[PDB]
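As a convention, Cβ positions derive from the backbone with ideal geometry for all residues, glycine included, and neighbour counts pool all protein chains shown. Laboratory data are not the source of any read-out in this text; all were calculated from the coordinates shown.
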Amino acid sequence: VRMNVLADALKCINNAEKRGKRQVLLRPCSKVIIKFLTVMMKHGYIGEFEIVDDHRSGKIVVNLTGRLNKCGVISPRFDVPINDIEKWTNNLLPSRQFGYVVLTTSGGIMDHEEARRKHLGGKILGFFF
Amino acid sequence: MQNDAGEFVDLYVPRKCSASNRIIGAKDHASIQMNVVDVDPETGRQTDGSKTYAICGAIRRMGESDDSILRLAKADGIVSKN
Amino acid sequence: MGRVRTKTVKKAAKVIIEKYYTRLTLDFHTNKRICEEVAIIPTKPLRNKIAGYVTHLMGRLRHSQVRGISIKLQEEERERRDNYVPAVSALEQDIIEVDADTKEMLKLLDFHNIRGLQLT
Amino acid sequence: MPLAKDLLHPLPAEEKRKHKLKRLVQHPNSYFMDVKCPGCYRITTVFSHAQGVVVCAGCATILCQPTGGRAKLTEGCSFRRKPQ
Amino acid sequence: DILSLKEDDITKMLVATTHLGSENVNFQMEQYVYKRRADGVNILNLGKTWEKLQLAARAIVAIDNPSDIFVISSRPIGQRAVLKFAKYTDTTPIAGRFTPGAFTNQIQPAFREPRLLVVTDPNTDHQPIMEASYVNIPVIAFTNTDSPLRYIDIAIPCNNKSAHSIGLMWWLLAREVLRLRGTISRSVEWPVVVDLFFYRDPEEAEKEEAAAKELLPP
Amino acid sequence: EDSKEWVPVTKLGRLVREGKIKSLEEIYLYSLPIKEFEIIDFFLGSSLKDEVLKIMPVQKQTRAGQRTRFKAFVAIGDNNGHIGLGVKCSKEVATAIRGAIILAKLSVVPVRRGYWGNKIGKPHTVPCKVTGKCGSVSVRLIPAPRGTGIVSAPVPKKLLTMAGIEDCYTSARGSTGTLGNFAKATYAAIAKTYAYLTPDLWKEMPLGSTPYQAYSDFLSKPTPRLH
Amino acid sequence: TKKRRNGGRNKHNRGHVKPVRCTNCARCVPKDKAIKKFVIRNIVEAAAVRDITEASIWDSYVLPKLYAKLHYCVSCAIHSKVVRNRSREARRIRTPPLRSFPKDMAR
RNA sequence: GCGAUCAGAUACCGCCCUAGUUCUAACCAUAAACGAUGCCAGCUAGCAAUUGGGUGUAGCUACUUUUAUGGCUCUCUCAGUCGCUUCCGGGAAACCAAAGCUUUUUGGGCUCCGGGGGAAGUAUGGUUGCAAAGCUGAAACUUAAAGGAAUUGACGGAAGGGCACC
């Protein structure tokens with residue numbers, strides 16, 4: 001069915017921005033997705049997200065600036081022992097300056113930049129550039 | 001695109017789309033700018049000062065480019081009830 | 001019997017008509033003598049053929065404007081020719097004929113009453 | 001536009017056209033009615049997609065016979081399209 | 001302020017059967033259609049048609065050489081109209097068979113550089129639109145609901161099924177352009193009556209002597 | 001190295017000689033379609049170096065059959081921020097090379113240079129990882145730290161030196177004997193560096209009045225001016 | 001390579017349809033893959049119609065007609081020139097085209 | 001086994017016709033078992049068909065005094081199988097609305113299969129089978145190409161036009 005729900009929504013976002021389309025209907029929106037999406041907001045990559053209360057599993061409408069080339073999702077969530085943070089950022093990020101790798105860390109779903117400041121590594125959720 | 005002692009190097013900063021925030025890419029010759037002329041309030045009597053909008057080939061080839069002008073123009077507010 | 005005249009004859013004939021149209025008549029003998037003066041055609045059977053194809057092109061030009069050889073007096077003639085039809089009438093009473101749905105639109109858009117009939 | 005939102009405030013006419021499950025918040029087109037068979041003062045609230053071959057209070061008269069979208073409410077029966 | 005809709009003008013549009021729309025709506029033109037009539041006709045928003053004629057007419061101007069704005073019709077119903085566009089506003093003519101490359105050939109004698117195109121029907125006039133988008137040329141067009149709006153910035157929904165619609169809309173752009181930096185000034189109507197822009201017709205033709213001597217009979 | 005008293009078919013051509021444009025950069029901004037080789041010859045094209053990469057022959061049957069035809073593959077570039085590249089089919093070696101230069105000038109594409117993250121000493125490289133594909137070959141640009149000087153394959157080294165991209169790593173895909181496709185893939189790669197919406201580009205501006213419109217009156221008129 | 005998008009003929013969602021034996025080879029081909037042409041002819045054929053009507057009592061008559069829907073194998077059809085080797089472009093093209101009307105159906 | 005054809009016919013072709021086709025109780029497990037395209041979920045394009053259901057039909061027709069009912073169109077919508085034309089992506093192209101989202105050496109979940117061409121679906125052993133066979137499936141050794149594509153020519157006892165008293 002939808003084993004990882006995360007990727008299904010973020011693919012929808014990519015496909016949408018490939019039309020240029022500012023809006024997407026996301027299904028079936030997780031907590032991990034909400035935390036993924038709040039992380040986007042901070043760096044301005046997407047405009048406002050809104051989670052509708054169906055008594056089912058929650059859908060989201062995305063408003064999109066179009067600043068985003070592409071958003072990818074890591075499953076399996078590979079265990080980062082802090083010094084693979086450096087390797088993972090190099091491979092899939094277009095620049096050393098910019099583009100956030102997204103983790104599920106002990107203290108929250110946080111970007112690798114934020115994770116480095118806290119010194120808390122993790123399991124890898126995602127990539128956003 | 002600044003270098004060391006805040007001078008602006010490379011060579012250019014592209015014209016971005018008023019509707020998609022997307023870069024006009026220099027050999028995308030499928031790209032329109034429309035310049036709609038402002039009117040001297042009361043009626044006709046056209047005086048300069050274009051309200052000018054840039055639209056990418058990507059909007060145009062999806063057949064939506066006419067519609068982008070309608071929202072831009074209403075935002076500048078010459079057009080009403082679009 | 002067979003044939004349409006080759007490109008060297010025909011091309012020569014199109015080029016001279018564009019420039020020289022005024023001074024080219026339906027008459028062959030004058031078209032022959034203009035061609036030698038205005039154009040260095042080395043031999044007489046070729047000269048006559050070029051000049052003769054001009055005669056043919058001119059004959060059709062007279063019989064309502066011929067494509068591809070516009071002297072541009074012809075365009076200037078269209079300006080003059082422009083005939084207006086008068087009276088251009090919205091006919092009987094207004095003329096009213098409303099398709100019902102467009103009447104619902106009309107009242108909304110326009111305070112202007114303008115007579116409508118929901119009409120057979 | 002191909003930047004053509006506004007699904008947060010989704011335009012009236014279109015939403016109506018689509019379907020019962022294709023709404024932003026998917027809301028039933030399955031309403032309520034009250035059925036009066038005039039020999040009986042009794043109102044029983046029966047559905048147009050009935051789910052019952054509904055006998056009124058004592059009288060096994062009929063009321064409605066199901067067809068697989070909207071149950072056909074049969075003959076001389078009057079109903080209020082409202083949650084009473 | 002009087003740049004709004006004009007009641008006098010809207011009657012002309014009504015008589016000229018502009019409100020008719022091709023039965024099959026096409027998604028990209030759904031905004032231009034208000035209502036559908038019974039017997040498969042679409043009602044085109046007459047109020048939007050005006051404002052779109054006005055934007056298009058404004059767009060012609062601040063292209064400072066008005067001559068280097070190329071007015072285009074393959075359709076015979078627009079041929080006379082496209083020619084007459086040229087007579088009032090300088091706007092140089094492309095009538096009928098557009099010779100492709102008129103835009104993309106330096107060697108061709110039909111080497112045109114438009115900073116604007118105005119086009120009748122994008123389905124029959126596909127070639128100068130394709131060619132336009134090879135040379136960054138703005139394209140304004142007259143549009144059925146069955147228009148490929150691909151490569152069109154600003155659409156004017158006419159009816160383009162022909163009759164009087166193609167003629168009246170074409171005039172209205174030229175009219176508006178002459179009020180606006182043309183020196184007609186103070187937008188009070190027209191001494192030049194709208195049926196000039198129409199195809200003269202009938203193909204095969206009644207040969208009628210111009211100079212209005214109402215034909216009695218032998 | 002003209003000589004040519006260039007005569008301007010294009011309005012664009014007029015601007016060049018009248019010195020009203022002075023930077024092909026303006027042409028790139030307003031995206032104006034350079035049909036004239038002539039335009040390019042004045043602004044740049046003085047200190048554009050032309051290199052002939054490949055002369056490789058091809059064959060075609062004029063009917064019964066055998067004939068042969070010439071290929072020339074050309075790259076043109078400043079060292080500063082410009083590459084145009086053109087491949088042509090002709091009867092002769094000379095006409096092939098001259099024509100390939102001509103096509104190459106028309107195509108001239110601007111080159112985006114960025115930084116490691118150290119904005120010291122003028123942007124040496126390319127900012128991000130930009131990839132372009134032409135027929136199964138995809139040459140993929142990776143931004144590489146100074147003094148790596150350019151890491152590619154011998155023909156793409158030339159192509160990237162024509163731009164003046166000091167330092168890059170590259171990876172190229174496929175049938176590694178099919179040379180022409182490798183060159184074409186790099187052309188797409190270098191061209192796409194603008195096509196990345198990097199976070200520096202995010203805020204529009206008031207953009208531009210076009211010189212086409214602005215200087216318009218002069219570009220439709222009269223001379224054929226001396227001096 | 002799949003030249004033909006339909007494989008042989010129009011099999012989508014059935015794949016296997018009872019075969020009909022080809023009236024020329026007596027072969028076996030599934031019903032989707034027959035070239036079929038509708039043979040509509042008069043019993044009295046052309047010249048004889050003038051001769052029969054005079055000879056036959058009746059006020060006008062109006063001739064009975066023959067119907068025989070023949071089923072061709074692909075091999076059969078192309079030999080007898082029913083289908084003539086089309087187009088890499090024109091295999092795709094459906095259309096028809098007669099001009100005149102009155103359908104061929106000789107020998 | 002026969003008659004022609006043809007050097008041969010053993011074949012195409014023509015005749016007689018056996019096992020077989022069919023059915024039943026059992027085998028076999030394989031086929032271009034093919035839509036050459038794994039399955040389940042979402043998303044990314046217009047139009048008209050097309051299968052079925054449903055919402056509206058103050059639409060036509062069928063009838064009871066008209067109805068109520070039914071079928072079809074018309075309108076709207078799912079889920080099916082496809083087509084057309086365009087990609088708005090992919091591809092080497094042919095093509096493909098999936099062969100798209102296959103990334104810039106990445107994207108939901110999961111299986112299976114390929115990693116030069118032949119030898120070879122053979123050997124060998126195990127397995128299954130009454131048997132025929134089938135599955136699982138090497139290597140020695142051989143060899144610089146092999147395959148798919150499109151392009152142009154040449155060539156047809158493949159197809160249509162013309163042109164000349166060789």
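Some values worked out for this structure:
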quantity	calculated
Sum of -39500 (n - 2.57) over DSSP H runs of 4+, divided by residues of chain C (222 nm, nearest 500)	-16000 deg cm²/dmol
Equivalent-ellipsoid semi-axes of segment F:145-214, from the Cα gyration tensor, Å, largest first	31, 16, 13
Centroid-to-centroid separation of segment E:34-113 and segment C:43-68 [C-alpha atoms, Å]	36 Å
Label-point gap, in nm, between residue G:17 and residue F:173 - each point 7 angstrom along Cα→Cβ	4.1 nm
Sorted peptide list for E:19-32, E:45-58, A:40-53, criterion being average Cβ within 10 angstrom, highest first	E:45-58, E:19-32, A:40-53
Highest-first arrangement of C:101-112, G:15-26, where packing means the average Cβ count within 10 Å	C:101-112, G:15-26
Cα-derived Rg over Rh, computed across segment A:50-129 with Rh taken as Kirkwood radius	1.04
Ratio of Rg to Rh over chain E (Cα coordinates, Kirkwood Rh, two decimals)	0.98
Inter-chain Cβ neighbour average for residues A:57-64, partner chain, 10 Å	2
Stretchable slack from residue A:1 to residue A:70, in nm (0.36 nm times residue separation minus alpha-carbon distance)	22.4 nm
Which listed pairs, of F:88/F:158; A:59/A:87; C:7/C:44; B:74/E:87; D:5/E:52; A:18/B:16, have C-alpha distances above 29 Å, in listed order	A:59/A:87; B:74/E:87
Packing-based ranking, highest mean first, of B:56-64, D:65-73 given that Cβ atoms within 10 Å are counted	B:56-64, D:65-73
Inter-chain Cβ neighbour average for residues B:41-49, partner chain, 10 Å	6
Estimated Rh, chain D: Kirkwood, alpha-carbon pairs, angstrom	15.3 Å
Approximate spin-label separation residue E:204-residue A:54, in nm, with each point projected 7 Å along Cα-to-Cβ	6.7 nm
Using distinct alpha-carbon pairs, which all enter the 1/r mean, Kirkwood radius of segment F:1-157 in Å	18.1 Å
From the C-alpha gyration tensor of segment F:1-81, square roots of 5λ in Å	34, 16, 12
Structure-based [θ]222 nm, chain F - -39500 (n - 2.57) summed over DSSP H runs of at least 4, per residue, nearest 500	-7500 deg cm²/dmol
The protein assembly as shown: C-alpha gyration tensor shape, a/c 1.5 cut-off, then a/b vs b/c	rounded
Cβ-based net charge around residue C:45, under 14 Å, with every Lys or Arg adding one and every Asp or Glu removing one	+4
Point-to-point label distance, residue G:79-residue G:59, nm (Cα→Cβ direction, 7 Å offset)	5.2 nm
Out-of-range pairs (alpha-carbon distance over 27 Å; input A:11/E:35; A:11/F:129; E:48/E:161; C:72/F:35; F:20/F:54; F:20/F:105)	A:11/E:35; C:72/F:35; F:20/F:54
Within 10 Å of each Cβ in C:80-88, the average number of Cβ atoms from other chains	4
Within a Gaussian network of chain E (alpha carbon springs, distance under 10 Å), most fluctuating of E:62, E:110, E:141	E:62
Among F:18, F:36, F:51, residue whose mean-square fluctuation peaks in a GNM of chain F (springs only between Cα atoms under 10 Å)	F:18
Cα gyration tensor, segment E:175-218 - rounded (a/c under 1.5), prolate or oblate	prolate
Residues residue F:79 and residue B:45, FRET efficiency given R0 of 60 Å [Cβ-Cβ distance, rounded to 0.05]	0.65
For segment C:60-107, Kirkwood radius (reciprocal of mean inverse C-alpha pair distance, Å)	15.3 Å
Chain E, helix-only ellipticity at 222 nm - DSSP H runs n ≥ 4, -39,500 (n - 2.57), divided by all residues, nearest 500	-8500 deg cm²/dmol
Value of Rg/Rh across chain C [Cα atoms, Kirkwood radius]	1.46
Intensity falloff of chain B expressed as log10 I(q)/I(0), Debye formula with alpha-carbon point scatterers, at q = 0.10, 0.13, 0.20 Å⁻¹	-0.36, -0.56, -0.94
Cα-based shape type of segment F:67-161, given that a ≥ b ≥ c are square roots of the gyration tensor eigenvalues and the cut on a/c is 1.5	prolate
Where a label projected 7 Å from the Cα of residue B:76 along Cα→Cβ would reach, residues of segment F:23-48 with amide N under 19 Å	F:30
Per residue, the convex hull volume that the Cα atoms of chain G enclose (Å³)	167 Å³
